[PDB]
């Protein structure tokens, strides 16, 4: 219920004249707040009724309600991240909102899991000699986070957010190897180049992205993580938490597939840190 977020999100459901209003509001909400209905209509180039229909369309009671809720909407934080933050919010408010939104998104992802696709992804990785993680920006951090979990699972794990390294590494994969392309939009152009090179190498392509995206269409195994975070507009935040939890399921699954031999391997890995960390 940040009204500016709500407007951006319902642009598609709007009549053509009303969308003109929506985009003008999104562009300079503070000028609207001090505008008359006639000024706004003239600035946007629509009729005054179109203004009021827009207001009712986005769930306001009329013009004054729009201006009131716009004023309550002007929290710089609400343009940083897709959380319903209001102008007056204190840390007590937005810290809980952020946690609650993240908890809700994770609960939704959990509810919509394609368990079969997880099984298939786990099995492909468990038979691979190499697993590679590819992504950019936020998804590049997820890639590196994943490599840190997976390197200990008795295979060779690597992560790259450099598209040239991705392409060159992808063509060296064997058909039994696995690449995981990570993308909240499924639309990063360099990543589609990389994904095609993985396919042409014969290797298994796991896509950690929403369904029906260009990236998902290339997948050997599509994990179909449909987190609703509009990262054409907001900083990716909730989306990369969901990705990391899915990564943890894949790692756990691969660990399950290893023998009892894994335990002593992991003891060795943990023992190597003794010199670097103070004892408890």
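Residue numbers count along the first chain shown, from 1.
Which of 31-39 and 215-223 has higher mean CA B factor, as the PDB entry lists it: Looking at the recorded C-alpha B-factors, 31-39 comes out higher on average.
Which has the higher mean CA temperature factor in the PDB entry, 44-52 or 244-252? It is 44-52.
Out of 198, 159, 71, 142, which residue has the highest Cα temperature factor in the PDB record? Reading the PDB entry, the winner on C-alpha B-factor is 71.
Using only modelled residues of the chain, where does the Cα B factor of residue 25 rank: lowest third, middle third or highest third? Highest third of the chain for residue 25's C-alpha B-factor.
Once the chain's modelled residues are ordered by C-alpha B factor and cut into thirds, is residue 175 in the lowest, middle or highest one? Ranked within chain, residue 175 CA B lands in the highest tercile.
Please rank the C-alpha B-factors of the chain's modelled residues and tell me whether residue 263 sits in the lowest, middle or highest third. Ranked within chain, residue 263 CA B lands in the middle tercile.
Ranking the modelled residues of this chain by C-alpha B-factor as given in the entry, is residue 110 in the lowest, middle or highest third? Ranked within chain, residue 110 CA B lands in the middle tercile.
Sorting by Cα B-factor within the chain, modelled residues only, which third would residue 7 end up in: lowest, middle or highest? Middle third of the chain for residue 7's C-alpha B-factor.
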